[PDB]
>>> print(open('start.txt').read())   # compact mmCIF, C-alpha atoms and all ligand atoms
# COMPACT_ATOMS: atom_id res chain seq x y z
CA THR A 2 -21.98 -10.08 -45.69
CA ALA A 3 -20.46 -9.16 -42.35
CA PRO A 4 -19.20 -5.55 -42.36
CA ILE A 5 -15.57 -4.54 -42.15
CA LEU A 6 -15.11 -2.29 -39.12
CA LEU A 7 -12.71 0.64 -39.57
CA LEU A 8 -11.98 2.24 -36.20
CA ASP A 9 -10.93 5.86 -35.66
CA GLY A 10 -8.44 4.98 -32.96
CA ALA A 11 -7.82 8.45 -31.57
CA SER A 12 -11.50 9.38 -31.58
CA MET A 13 -12.21 6.23 -29.57
CA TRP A 14 -9.42 6.33 -27.02
CA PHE A 15 -10.02 10.02 -26.36
CA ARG A 16 -13.66 9.09 -25.74
CA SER A 17 -12.67 6.34 -23.31
CA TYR A 18 -10.25 8.70 -21.55
CA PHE A 19 -13.16 11.05 -20.86
CA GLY A 20 -15.77 8.30 -20.40
CA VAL A 21 -14.07 5.91 -17.96
CA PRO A 22 -13.01 7.16 -14.49
CA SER A 23 -9.32 7.92 -14.02
CA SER A 24 -9.40 5.88 -10.78
CA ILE A 25 -9.12 2.84 -13.11
CA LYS A 26 -5.37 2.23 -12.78
CA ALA A 27 -2.64 -0.30 -13.49
CA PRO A 28 -0.75 -2.00 -10.62
CA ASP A 29 2.00 0.64 -10.90
CA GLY A 30 -0.56 3.40 -10.33
CA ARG A 31 -0.76 4.74 -13.87
CA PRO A 32 -4.32 5.34 -15.12
CA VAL A 33 -5.50 2.87 -17.77
CA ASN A 34 -9.08 4.15 -18.07
CA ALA A 35 -8.64 4.84 -21.79
CA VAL A 36 -6.99 1.45 -22.38
CA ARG A 37 -9.84 -0.36 -20.65
CA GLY A 38 -12.53 1.63 -22.41
CA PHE A 39 -10.94 1.17 -25.83
CA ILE A 40 -10.51 -2.60 -25.50
CA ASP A 41 -14.05 -2.79 -24.11
CA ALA A 42 -15.31 -0.84 -27.14
CA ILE A 43 -13.67 -3.33 -29.50
CA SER A 44 -15.38 -6.20 -27.64
CA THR A 45 -18.74 -4.39 -27.80
CA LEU A 46 -18.29 -3.75 -31.52
CA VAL A 47 -17.22 -7.35 -32.21
CA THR A 48 -20.32 -8.63 -30.42
CA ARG A 49 -22.71 -6.13 -32.02
CA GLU A 50 -21.44 -6.17 -35.63
CA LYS A 51 -19.81 -9.62 -35.83
CA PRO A 52 -17.14 -8.56 -38.36
CA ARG A 53 -14.60 -10.83 -39.96
CA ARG A 54 -12.35 -7.86 -40.81
CA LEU A 55 -11.39 -5.07 -38.41
CA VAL A 56 -8.79 -2.30 -38.61
CA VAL A 57 -7.69 0.25 -36.02
CA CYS A 58 -6.75 3.31 -38.07
CA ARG A 59 -3.77 5.26 -36.71
CA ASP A 60 -2.77 8.92 -36.87
CA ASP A 61 0.75 8.64 -38.21
CA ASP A 62 0.46 12.43 -38.44
CA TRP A 63 -2.52 13.90 -36.56
CA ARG A 64 -1.85 17.36 -38.10
CA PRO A 65 -0.17 16.98 -41.50
CA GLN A 66 1.84 20.02 -42.49
CA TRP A 67 0.40 19.78 -46.02
CA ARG A 68 -2.98 20.73 -44.48
CA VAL A 69 -1.38 23.45 -42.33
CA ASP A 70 0.36 24.83 -45.43
CA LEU A 71 -3.09 25.33 -46.99
CA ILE A 72 -4.82 26.76 -43.90
CA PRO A 73 -2.35 27.57 -41.10
CA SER A 74 -5.08 27.77 -38.45
CA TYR A 75 -5.91 24.06 -39.03
CA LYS A 76 -5.83 22.35 -35.60
CA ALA A 77 -3.46 25.10 -34.42
CA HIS A 78 -5.19 25.58 -31.06
CA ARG A 79 -4.53 21.91 -30.22
CA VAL A 80 -0.74 22.01 -30.73
CA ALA A 81 1.48 21.97 -27.67
CA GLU A 82 4.80 22.20 -29.56
CA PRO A 83 5.07 22.53 -33.35
CA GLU A 84 7.69 20.28 -34.88
CA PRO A 85 9.56 20.99 -38.13
CA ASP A 86 9.23 19.23 -41.50
CA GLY A 87 7.65 15.72 -41.37
CA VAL A 88 8.00 15.25 -37.61
CA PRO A 89 4.41 15.34 -36.28
CA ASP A 90 3.66 18.28 -34.03
CA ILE A 91 3.33 17.57 -30.30
CA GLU A 92 -0.40 17.51 -29.62
CA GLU A 93 -1.73 18.98 -26.37
CA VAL A 94 -2.81 15.69 -24.73
CA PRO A 95 -3.18 14.96 -20.97
CA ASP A 96 0.09 13.61 -19.58
CA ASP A 97 -1.65 10.46 -18.31
CA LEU A 98 -3.27 9.76 -21.72
CA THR A 99 -0.08 9.61 -23.84
CA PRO A 100 1.27 6.47 -22.07
CA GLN A 101 -2.16 4.85 -22.46
CA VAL A 102 -2.00 5.28 -26.23
CA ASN A 103 1.35 3.48 -26.10
CA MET A 104 -0.24 0.68 -24.02
CA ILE A 105 -3.09 0.33 -26.51
CA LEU A 106 -0.74 0.16 -29.48
CA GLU A 107 1.41 -2.44 -27.69
CA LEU A 108 -1.65 -4.59 -26.94
CA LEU A 109 -2.97 -4.33 -30.51
CA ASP A 110 0.41 -5.31 -31.95
CA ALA A 111 0.86 -8.28 -29.61
CA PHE A 112 -2.71 -9.45 -30.27
CA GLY A 113 -2.31 -9.02 -34.02
CA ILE A 114 -5.33 -6.78 -34.43
CA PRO A 115 -4.78 -5.01 -37.76
CA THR A 116 -3.73 -1.39 -37.53
CA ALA A 117 -3.26 0.89 -40.52
CA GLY A 118 -1.61 4.24 -41.12
CA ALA A 119 -0.14 6.39 -43.85
CA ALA A 120 2.93 8.56 -43.39
CA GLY A 121 1.99 12.24 -43.20
CA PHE A 122 -1.73 11.47 -43.07
CA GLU A 123 -4.41 11.40 -40.39
CA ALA A 124 -6.53 8.44 -39.38
CA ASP A 125 -9.33 10.35 -41.09
CA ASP A 126 -7.46 9.83 -44.37
CA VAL A 127 -6.78 6.16 -43.67
CA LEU A 128 -10.50 5.73 -43.06
CA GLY A 129 -11.44 7.58 -46.24
CA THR A 130 -8.91 5.62 -48.29
CA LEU A 131 -9.90 2.21 -46.94
CA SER A 132 -13.60 3.13 -47.28
CA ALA A 133 -13.23 4.35 -50.86
CA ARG A 134 -11.25 1.25 -51.91
CA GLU A 135 -13.50 -1.35 -50.27
CA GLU A 136 -15.09 -3.65 -52.83
CA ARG A 137 -16.36 -6.69 -50.92
CA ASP A 138 -18.03 -5.93 -47.60
CA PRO A 139 -20.17 -3.08 -46.26
CA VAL A 140 -18.04 -0.61 -44.33
CA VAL A 141 -18.73 0.68 -40.84
CA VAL A 142 -16.50 3.61 -39.89
CA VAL A 143 -16.49 4.01 -36.10
CA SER A 144 -15.84 7.58 -34.96
CA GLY A 145 -17.10 10.59 -33.01
CA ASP A 146 -15.55 12.96 -35.59
CA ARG A 147 -18.46 14.49 -37.52
CA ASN A 148 -16.22 15.40 -40.46
CA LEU A 149 -16.16 11.69 -41.30
CA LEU A 150 -19.87 11.80 -42.17
CA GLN A 151 -18.54 12.75 -45.61
CA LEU A 152 -17.69 9.08 -46.14
CA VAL A 153 -21.30 7.82 -46.21
CA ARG A 154 -22.13 5.88 -49.37
CA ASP A 155 -24.86 3.73 -50.88
CA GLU A 156 -23.77 3.25 -54.49
CA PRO A 157 -21.50 2.12 -55.94
CA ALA A 158 -21.70 -0.82 -53.53
CA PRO A 159 -20.53 -1.73 -50.96
CA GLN A 160 -22.28 0.79 -48.74
CA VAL A 161 -20.40 2.90 -46.20
CA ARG A 162 -21.92 3.78 -42.84
CA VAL A 163 -20.59 5.84 -39.94
CA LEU A 164 -21.31 4.45 -36.48
CA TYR A 165 -21.27 7.91 -34.94
CA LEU A 166 -19.93 8.16 -31.38
CA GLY A 167 -21.09 11.71 -30.58
CA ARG A 168 -23.31 10.42 -27.76
CA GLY A 169 -21.16 7.41 -26.94
CA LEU A 170 -20.97 3.91 -28.35
CA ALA A 171 -24.05 2.69 -26.44
CA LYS A 172 -26.29 5.29 -28.13
CA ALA A 173 -24.46 5.15 -31.48
CA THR A 174 -26.43 4.42 -34.64
CA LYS A 175 -25.34 3.95 -38.24
CA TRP A 176 -25.46 7.06 -40.44
CA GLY A 177 -25.84 6.71 -44.19
CA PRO A 178 -26.61 9.26 -46.91
CA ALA A 179 -30.23 9.42 -45.73
CA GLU A 180 -29.30 10.39 -42.16
CA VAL A 181 -26.69 12.92 -43.30
CA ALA A 182 -29.19 14.52 -45.68
CA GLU A 183 -31.94 14.52 -43.05
CA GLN A 184 -29.77 16.15 -40.39
CA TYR A 185 -27.75 18.65 -42.49
CA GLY A 186 -30.04 19.39 -45.44
CA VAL A 187 -27.54 18.36 -48.11
CA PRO A 188 -28.83 16.65 -51.28
CA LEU A 189 -29.44 12.93 -50.88
CA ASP A 190 -27.83 11.84 -54.15
CA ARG A 191 -24.39 13.14 -53.08
CA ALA A 192 -24.89 13.45 -49.32
CA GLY A 193 -21.37 12.51 -48.23
CA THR A 194 -19.45 14.77 -50.58
CA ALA A 195 -22.02 17.55 -50.17
CA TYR A 196 -21.59 17.27 -46.41
CA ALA A 197 -17.88 18.03 -46.81
CA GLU A 198 -18.79 21.02 -48.99
CA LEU A 199 -21.30 22.28 -46.42
CA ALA A 200 -18.71 21.84 -43.66
CA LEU A 201 -16.13 23.76 -45.71
CA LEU A 202 -18.52 26.68 -46.23
CA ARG A 203 -19.85 26.85 -42.69
CA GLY A 204 -16.54 26.16 -40.95
CA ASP A 205 -15.40 23.88 -38.15
CA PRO A 206 -14.19 25.65 -34.99
CA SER A 207 -13.14 22.34 -33.42
CA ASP A 208 -10.65 21.88 -36.31
CA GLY A 209 -9.63 25.55 -36.36
CA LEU A 210 -11.37 26.23 -39.69
CA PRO A 211 -13.32 29.51 -39.85
CA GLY A 212 -15.36 28.77 -42.96
CA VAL A 213 -16.66 31.44 -45.33
CA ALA A 214 -17.86 34.59 -43.57
CA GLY A 215 -21.55 35.15 -44.18
CA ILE A 216 -22.31 31.62 -45.41
CA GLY A 217 -23.63 29.72 -42.40
CA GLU A 218 -25.05 26.22 -42.47
CA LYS A 219 -28.55 27.33 -43.50
CA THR A 220 -27.26 29.40 -46.43
CA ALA A 221 -24.80 26.68 -47.42
CA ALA A 222 -27.62 24.12 -47.50
CA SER A 223 -29.89 26.29 -49.63
CA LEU A 224 -27.08 27.05 -52.09
CA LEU A 225 -26.27 23.35 -52.43
CA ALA A 226 -29.99 22.62 -52.79
CA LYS A 227 -30.25 25.20 -55.58
CA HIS A 228 -26.92 24.69 -57.37
CA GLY A 229 -26.23 21.06 -56.46
CA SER A 230 -22.53 21.28 -55.60
CA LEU A 231 -19.76 23.55 -54.39
CA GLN A 232 -18.19 23.58 -57.85
CA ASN A 233 -21.49 24.70 -59.37
CA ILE A 234 -21.81 27.40 -56.70
CA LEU A 235 -18.41 28.84 -57.59
CA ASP A 236 -19.34 28.62 -61.26
CA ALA A 237 -22.52 30.59 -60.53
CA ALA A 238 -20.47 33.23 -58.67
CA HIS A 239 -17.74 33.62 -61.37
CA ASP A 240 -20.55 34.04 -63.82
CA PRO A 241 -22.73 37.20 -63.85
CA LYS A 242 -25.28 35.04 -65.66
CA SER A 243 -26.84 33.31 -62.75
CA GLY A 244 -29.60 33.74 -60.19
CA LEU A 245 -26.95 33.95 -57.50
CA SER A 246 -27.57 37.06 -55.41
CA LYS A 247 -24.97 39.79 -55.61
CA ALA A 248 -24.52 39.52 -51.83
CA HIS A 249 -23.76 35.80 -52.05
CA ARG A 250 -21.51 36.46 -55.04
CA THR A 251 -19.50 38.96 -53.00
CA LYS A 252 -19.19 36.61 -50.01
CA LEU A 253 -18.07 33.72 -52.20
CA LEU A 254 -15.77 35.74 -54.47
CA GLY A 255 -14.22 37.26 -51.37
CA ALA A 256 -13.31 33.74 -50.21
CA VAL A 257 -12.14 32.01 -53.43
CA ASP A 258 -8.62 31.47 -52.07
CA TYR A 259 -9.91 30.03 -48.79
CA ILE A 260 -12.42 27.81 -50.58
CA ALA A 261 -9.76 26.31 -52.86
CA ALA A 262 -7.36 25.83 -49.94
CA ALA A 263 -10.03 24.41 -47.63
CA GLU A 264 -11.33 21.84 -50.13
CA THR A 265 -8.24 19.66 -49.83
CA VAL A 266 -8.06 20.27 -46.06
CA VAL A 267 -11.69 19.38 -45.29
CA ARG A 268 -11.96 16.43 -47.69
CA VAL A 269 -10.38 13.23 -46.41
CA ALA A 270 -7.76 11.86 -48.76
CA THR A 271 -9.02 8.75 -50.56
CA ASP A 272 -5.71 7.60 -52.10
CA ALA A 273 -3.42 7.82 -49.07
CA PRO A 274 -0.48 5.34 -49.06
CA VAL A 275 -1.96 3.16 -46.35
CA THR A 276 0.12 0.34 -44.89
CA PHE A 277 -0.99 -2.34 -42.43
CA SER A 278 0.77 -3.80 -39.41
CA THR A 279 -0.61 -7.23 -40.42
CA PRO A 280 -0.62 -9.18 -43.70
CA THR A 281 -4.43 -8.84 -44.06
CA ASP A 282 -7.24 -6.90 -42.45
CA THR A 283 -8.75 -10.08 -41.00
CA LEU A 284 -9.67 -9.91 -37.33
CA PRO A 285 -7.66 -12.62 -35.52
CA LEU A 286 -9.78 -15.02 -33.50
CA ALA A 287 -7.02 -15.42 -30.88
CA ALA A 288 -3.94 -13.46 -29.86
CA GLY A 289 -1.00 -13.77 -32.21
CA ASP A 290 1.35 -13.66 -29.20
CA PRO A 291 -0.75 -14.85 -26.25
CA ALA A 292 2.11 -14.82 -23.73
CA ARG A 293 2.97 -11.21 -24.54
CA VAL A 294 -0.72 -10.20 -24.50
CA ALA A 295 -1.17 -11.73 -21.04
CA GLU A 296 1.97 -10.07 -19.72
CA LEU A 297 1.09 -6.64 -21.10
CA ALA A 298 -2.54 -6.86 -19.97
CA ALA A 299 -1.40 -7.71 -16.44
CA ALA A 300 1.14 -4.90 -16.40
CA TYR A 301 -1.50 -2.46 -17.70
CA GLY A 302 -4.30 -3.73 -15.43
CA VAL A 303 -6.67 -4.76 -18.22
CA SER A 304 -6.53 -8.56 -17.98
CA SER A 305 -10.31 -8.87 -17.65
CA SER A 306 -10.90 -6.60 -20.67
CA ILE A 307 -8.63 -8.81 -22.77
CA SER A 308 -10.42 -11.89 -21.44
CA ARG A 309 -13.79 -10.37 -22.36
CA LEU A 310 -12.46 -9.61 -25.86
CA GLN A 311 -11.38 -13.22 -26.33
CA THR A 312 -14.94 -14.26 -25.27
CA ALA A 313 -16.36 -11.94 -27.92
CA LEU A 314 -14.02 -13.44 -30.51
CA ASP A 315 -14.99 -16.98 -29.47
CA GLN A 316 -18.65 -16.32 -30.33
CA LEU A 317 -17.92 -15.37 -33.96
CA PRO A 318 -19.27 -17.98 -36.46
MN MN A 401 5.03 20.61 -37.92
MN MN A 402 -10.67 14.97 -37.99
MN MN A 403 -8.81 12.40 -36.51
>>> encode(input="start.txt", output="structure tokens")
Amino acid sequence: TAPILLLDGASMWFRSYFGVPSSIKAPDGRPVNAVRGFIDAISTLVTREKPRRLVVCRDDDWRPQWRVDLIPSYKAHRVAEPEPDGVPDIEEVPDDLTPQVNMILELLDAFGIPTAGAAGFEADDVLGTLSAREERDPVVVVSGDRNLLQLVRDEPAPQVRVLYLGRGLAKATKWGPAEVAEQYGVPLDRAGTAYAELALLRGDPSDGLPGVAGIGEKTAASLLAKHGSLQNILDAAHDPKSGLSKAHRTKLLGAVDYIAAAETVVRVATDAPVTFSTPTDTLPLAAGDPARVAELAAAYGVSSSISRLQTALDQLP
């Protein structure tokens, strides 16, 4: 069947911010380069994948404090102003990008394109939850965030693929367990989960996660190849029985607290309390509020992008 497309909104509109010139502006002079690029990406995806179901996954909290509680360095270098309790921290975002996110969200709401979020969770968690739950159609997760390669799945069906944006949407291809295993050396039979365990061990500087000192990606791969899983690796270390080297034992035992804390940080949540802005995840074939869509698109200088999206929708069987 047609795939359901699950879109990592922030990954995509950050990409369009940096991929479309800032001289693309609304009639009031505000840049709309990210708005244009993001709407154009939806149209490209609709044409390429021909989905019947599409969801733009939101970051109701781009840096959940429950992750920060576990590893305080998590995303810390990207915070402009920390906010207390459940108020999301102020992310360091260009001043001319923040209004464009508001424009995008306004357009999506007026059009009736499904968006989904979960309070105190990232879009990453919405994606993992909607991917894990899906029972009817193959899933395509659209993102440039490599940590989401942990979602790849073949069985149990339906399959999950990541349309990885690291080189842009035009060059993007679909990653499954095979591709993740081939590129990161994790075992095929549990490539997605093993990828998250490799990423935990080796670290993720972009997310502020140091990893385990002395266990780089090569060592992490060989230990997963030999012991199968992170849990088995820790077992081998806590257990003078095994053929684990004393050096690897020391490095792992010296990081038991970090490893336990990082597991829940690195893994996307799969049971997040996702809610939708729409009654279903069906992609509307025309704007739910066409007058408001036309007025917003004119005000935001993306009338032709919206028109091209409606042409893409019109060609769906
Ligand atoms: Mn906070
Ligand atoms: Mn992420
Ligand atoms: Mn994210």
>>> closest_atom_pairs(input="start.txt", of="chain A", to="ligand MN 403 (chain A)", cutoff="6 Å", atoms="only C-alpha atoms and all ligand atoms", output="tab-separated table")
residue	atom	partner	partner_atom	distance
A:123	CA	A:MN403	MN	6.0
A:124	CA	A:MN403	MN	5.4
A:125	CA	A:MN403	MN	5.0
>>> atom_distance(input="start.txt", atom1="atom CA of residue A:200", atom2="atom CA of residue A:66")
20.7 Å
>>> atom_distance(input="start.txt", atom1="atom CA of residue A:29", atom2="atom CA of residue A:303")
12.6 Å
>>> atom_distance(input="start.txt", atom1="atom CA of residue A:14", atom2="atom CA of residue A:93")
14.8 Å
>>> residues_around(input="start.txt", residues="stretch 236-252 of chain A", least_positions_apart="5", cutoff="10 Å", atoms="only C-alpha atoms", output="tab-separated table (two decimals) with C-alpha atoms, in the coordinates of the input")
chain	number	residue	atom	x	y	z
A	213	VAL	CA	-16.66	31.44	-45.33
A	214	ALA	CA	-17.86	34.59	-43.57
A	215	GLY	CA	-21.55	35.15	-44.18
A	216	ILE	CA	-22.31	31.62	-45.41
A	220	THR	CA	-27.26	29.40	-46.43
A	224	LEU	CA	-27.08	27.05	-52.09
A	227	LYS	CA	-30.25	25.20	-55.58
A	228	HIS	CA	-26.92	24.69	-57.37
A	230	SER	CA	-22.53	21.28	-55.60
A	231	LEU	CA	-19.76	23.55	-54.39
A	257	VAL	CA	-12.14	32.01	-53.43
>>> residues_near_ligand(input="start.txt", ligand="ligand MN 401 (chain A)", cutoff="9 Å", atoms="only C-alpha atoms and all ligand atoms", output="number ranges by chain")
A: 64-66, 69, 82-91
>>> closest_residue(input="start.txt", among="A:235, A:153, A:11, A:36", to="ligand MN 402 (chain A)", atoms="all atoms listed in the file")
A:11
>>> closest_residue(input="start.txt", among="A:70, A:110, A:155, A:41", to="residue A:178", atoms="all atoms listed in the file")
A:155
>>> residues_near_point(input="start.txt", point="(-23.6, -10.6, -36.1)", cutoff="9 Å", atoms="only C-alpha atoms", output="list in words")
residues 3, 47, 48, 49, 50, 51, 52, 317 and 318 of chain A
>>> residues_around(input="start.txt", residues="residue A:138", least_positions_apart="5", cutoff="10 Å", atoms="all atoms listed in the file", output="ChimeraX atom specification")
/A:2-6,52-54,158-161
>>> residues_around(input="start.txt", residues="residue A:262", least_positions_apart="2", cutoff="10 Å", atoms="only C-alpha atoms", output="ChimeraX atom specification")
/A:68-72,201,256-260,264-267
>>> residues_near_point(input="start.txt", point="(-17.7, 28.8, -39.7)", cutoff="12 Å", atoms="all atoms listed in the file", output="JSON, numbers by chain")
{"A": [199, 200, 201, 202, 203, 204, 205, 206, 207, 208, 209, 210, 211, 212, 213, 214, 215, 216, 217, 218, 219, 220, 221, 263]}
>>> residues_around(input="start.txt", residues="residue A:118", least_positions_apart="5", cutoff="10 Å", atoms="only C-alpha atoms", output="ChimeraX atom specification")
/A:57-62,123-128,273-278
>>> closest_residue(input="start.txt", among="A:74, A:12, A:17, A:281", to="ligand MN 402 (chain A)", atoms="all atoms listed in the file")
A:12
>>> closest_residue(input="start.txt", among="A:100, A:10, A:255, A:139", to="ligand MN 402 (chain A)", atoms="only C-alpha atoms and all ligand atoms")
A:10
>>> residues_around(input="start.txt", residues="residue A:133", least_positions_apart="3", cutoff="9 Å", atoms="all atoms listed in the file", output="VMD selection string")
chain A and resid 128 to 130 136 152 161 271 to 272
>>> closest_residue(input="start.txt", among="A:144, A:311, A:174, A:283", to="ligand MN 402 (chain A)", atoms="all atoms listed in the file")
A:144
>>> closest_residue(input="start.txt", among="A:99, A:24, A:148, A:34", to="ligand MN 402 (chain A)", atoms="all atoms listed in the file")
A:148
